[PDB]
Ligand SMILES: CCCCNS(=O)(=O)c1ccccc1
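Next up is one chain by itself, shown in structure tokens, the form deposited without this ligand.
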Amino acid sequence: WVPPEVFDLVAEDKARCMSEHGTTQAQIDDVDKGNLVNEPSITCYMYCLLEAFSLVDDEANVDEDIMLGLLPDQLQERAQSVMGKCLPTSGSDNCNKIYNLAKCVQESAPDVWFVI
């Protein structure tokens, strides 16, 4: 997890989402080291990618079933647990909703919130 196959299937959406939002790979790496700031270039990137895979709707409500279904078996209990705490999402906008969600997951259970 993330399994290598996923990276090829996400490549085009990753590229578009970074281009749309001004995202750098260094920002993604930061999020993945647990450093998250409320900067739209990274927060809107995370929303963009979740939306590309139908994990969120037009108001950044999470499809928890689809999200669960994407994760490895050994993470799913921990993920369900973190989502019971961290959903529903709230924020000033779709990007900020996902930032708050990312914080909440990082604060509660580190290894769940990985961002491709």
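When you see a residue number, it is the position in the sequence shown, counting from 1.
Omitted from view is the form solved in complex with this ligand, to which the following refers.
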Heavy atom of residue 95 within 4.5 Å of this ligand in the bound PDB entry: no
May I ask you to check whether residue 70 falls inside a 4.5 Å heavy atom distance of this ligand in the bound PDB entry? yes
4.5 Å heavy atom contact, residue 49 to this ligand in the bound PDB entry: yes
Residues in 97 to 116 close to this ligand in the bound PDB entry, defined by a heavy atom within 4.5 Å, in order: 102, 105, 109, 112, 113, 114, 115, 116
